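In the block that follows, a single chain appears as structure tokens, in the form deposited in one PDB entry.
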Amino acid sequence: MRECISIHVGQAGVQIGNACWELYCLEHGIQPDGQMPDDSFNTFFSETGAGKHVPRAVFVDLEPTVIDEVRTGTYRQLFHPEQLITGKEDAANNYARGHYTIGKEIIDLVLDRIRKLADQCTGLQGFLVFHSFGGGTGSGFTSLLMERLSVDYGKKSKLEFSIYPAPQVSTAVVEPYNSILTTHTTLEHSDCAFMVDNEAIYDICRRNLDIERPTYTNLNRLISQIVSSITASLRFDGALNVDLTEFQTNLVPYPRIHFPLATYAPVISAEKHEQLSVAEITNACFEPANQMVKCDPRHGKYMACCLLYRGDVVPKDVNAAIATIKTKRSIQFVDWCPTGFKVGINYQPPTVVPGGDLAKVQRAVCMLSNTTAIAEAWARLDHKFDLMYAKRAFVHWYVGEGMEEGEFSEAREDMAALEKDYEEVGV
């Protein structure tokens, strides 16, 4: 058994958790009451003496409104009260408040709940940590938690799904600060982090789904599909990425460079029905309009590339799709790495939330690649950080929570070093 524990921190991490666990339940046939009519799903669900299947998950949000959704939601019976951790007062969009002021208050309570989950595992792989870059809780508490998980779980993998801020989506003015502060503190403690650019997801919903103003639900439904694709070979008996360690093996040649780009196709409107070929969806993996972080892969070099197919996908057709793009397109890998792909097919068909805005499709694919181009996302954040920090705008709110001004510059230097590292390998 290869159990994974999911941790959802802050509003974004909790509401995306909701979308994921709902979709997992639909993929495995788990009803909202926990009942259920391939045993790999046990890596993500435990089972109680009543026959109920219970997510291996803890939700942390210092504001009761969001977790109260879960408590009274559709899937409320899936969760036990000690999995849901709230407080009274959130971090007020302030990384220092989340990290130091409340972090010091709740960290032991949170680690105690995680430890109760971990004691139920015979072969814990590690943790899947969901959080925003931009929130005070999502940024500040997560980075404290990751530090503590490295202490308490030294040899366990930690994967993140991180929501990268976008001006379109509801966004506080200090999100670039919180983003660089939490990236700095967490860098050494994550093995593999899949960033989700809210702007990319917003763009995919408007264009591919014909939604004028996508909601968090529209975004979370789409993010759920990507997360599902990434975790599908953990939750079913697949052949590629069958344990968390294999994620860094296949995508992370260098430990700091642990931010793969995820590309997903097809996103088709439920309102809108030709079934796309293996060639078409494979072509779509090399279109930047389908990436989950906005960046130009022509400006970088690949270190690693995995194709994760889902549904009615035959090897013959994949190899002919790959052969077509290699003759028409230039795909630049770094010198020290082979030019090629790791290909997995998971036969389980892609599943959508009924009545949602994503249509049911026969076959789908997620490409995970580690390109140096994703450092363009860091450069966007660093520029907004620099513009404000030059004037020390808003810094007194962070210093007021006991953070030292010098942490801003030490974090920003680390980001400068990270950009330089991406330069060096994309030579």
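Residues carry their position along the shown sequence, with the first being 1. Superpose the two forms; the largest set of C-alphas matching within 1.5 Å is the rigid core.
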Specify whether residue 356 falls into a modelling gap in a third or more of the other PDB entries of this protein.
-> no
Missing-residue flag, residue 238, threshold a third of other entries | yes
Relative to the deposited sequence, how many residues with no modelled coordinates occur between residue 326 and residue 327 (none, 1 to 3, 4 to 9, 10 or more)?
-> none
Does the deposited sequence hold unmodelled residues between residue 49 and residue 50, and if so, how many: none, 1 to 3, 4 to 9, or 10 or more?
-> none
Once average C-alpha B-factors are taken from the entry for 138 to 146 and 232 to 240, the winner is 232 to 240
Out of 173 to 181 and 119 to 127, which one has CA B-factors that are higher on average in the deposited record?
-> 119 to 127
From 382, 376, 401, 63, can you pick the one with the highest C-alpha B factor in the entry?
-> 63
If you compare 113, 76, 97, 258, which has the highest Cα B-factor in the entry?
-> 76
Going by the recorded CA B-factors, say which third of the chain residue 202 sits in, lowest, middle or highest.
-> middle
Entry-reported Cα temperature factor of residue 361, expressed as the chain third it lands in = highest
Among all modelled residues of this chain, ranked by Cα B factor, put residue 265 in the bottom, middle or top third, i.e. lowest, middle or highest.
-> middle
Residue 55 CA temperature factor, ranked by third within the chain | lowest
Lowest, middle or highest third of the chain for the C-alpha temperature factor of residue 304?
-> middle
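There is another form of the same protein, the form deposited in another entry; it is not shown, and what comes next is about it.
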Considering only 240, 284, 118, 193, which residue exhibits a C-alpha shift of no less than 2 Å between the shown form and the other one, with the rigid core used for superposition?
-> 240
Once the two forms are fit on the core, has residue 321 moved its CA by at least 2 Å between the shown form and the other one?
-> yes
Is residue 330 one of the residues whose Cα moves 2 Å or more between the shown form and the other one, with the core superposed?
-> yes
Evidently the Cα separation of residue 329 and residue 362 changes by 3 Å or more in the other entry, so the atoms lie farther
In the other entry, shift in Cα separation for residue 241 relative to residue 129, 3 Å or more | farther
